[PDB]
Amino acid sequence: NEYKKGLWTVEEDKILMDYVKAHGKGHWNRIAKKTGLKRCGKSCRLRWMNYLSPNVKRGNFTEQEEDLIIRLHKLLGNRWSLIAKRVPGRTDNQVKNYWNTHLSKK
DNA sequence: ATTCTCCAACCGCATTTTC
DNA sequence: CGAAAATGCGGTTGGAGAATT
Ligand SMILES: [Mg+2]
């Protein structure tokens with residue numbers, strides 16, 4: 001269990017970002033071996049897709065996004081990657097979290 | 001001081017890929 | 001060929017930061 005777990009530091013982010021910029025996405029397992037990063041591919045993949053990627057939206061969910069997600073969820077159930085495909089700039093994990101914290105309350 | 005909220009990132013598991 | 005490694009998914013929760021006593 002040499003791999004670090006938990007919150008990514010800015011130092012770790014920079015190493016992951018520089019690697020992905022230089023060598024592209026994927027082969028996530030190679031990163032720890034090629035860099036000083038103590039992170040498994042699984043953890044790298046997730047950090048890239050949910051935070052570092054230039055395609056992810058940063059703002060709070062809009063009322064229009066909320067309505068879209070409610071309706072997609074009604075159509076599709078708890079199939080978050082399938083739902084996220086029709087929510088521009090939001091990932092499965094974002095949509096799931098929004099549902100569980102904000103919409104599952106109702 | 002302590003309790004609460006919320007979400008980033010983990011876990012276990014199934015599917016896909018590698019060699 | 002097929003065992004191990006890598007990818008991807010959805011449920012779950014540790015703990016930072018916000019709120020309360
Ligand atoms: Mg999306």
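Each ligand, and each atom within it, is numbered from 1 in the order the structure gives. Per chain, numbering begins at 1; letters A, B, ... match sequence-line order. These numbers come from the heavy atoms of this one structure, side chains and all, not from hydrogens, waters or symmetry mates.
In the displayed structure, A/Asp67 atom CG is contacted under 6.0 Å by more than 12 heavy atoms of other residues, nucleotides or ligands.
Tested against A/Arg47, the residues A/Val20, A/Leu16, A/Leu7 include a single side chain to side chain contact (heavy atoms under 4.5 Å, CB included) partner, A/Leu16. Here the options are A/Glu65, A/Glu63, A/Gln64, the test is side chain to side chain contact (heavy atoms under 4.5 Å, CB included), and the partner is A/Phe61; only A/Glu65 passes.
No hydrogens or angles considered: a donor-acceptor pair under 3.5 Å links the side chains of A/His73 and A/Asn78.
Residues A/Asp13 and A/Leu52 come closest through the heavy atom pair O-CD1, 3.8 Å. Looking at every heavy atom in both residues, A/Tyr3 comes nearest to A/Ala32 through CE2-CB, 4.3 Å.
Note on the Mg ion (ligand 1): protein N/O/S atoms under 2.8 Å are A/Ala84 O, A/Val87 O, A/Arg90 O.
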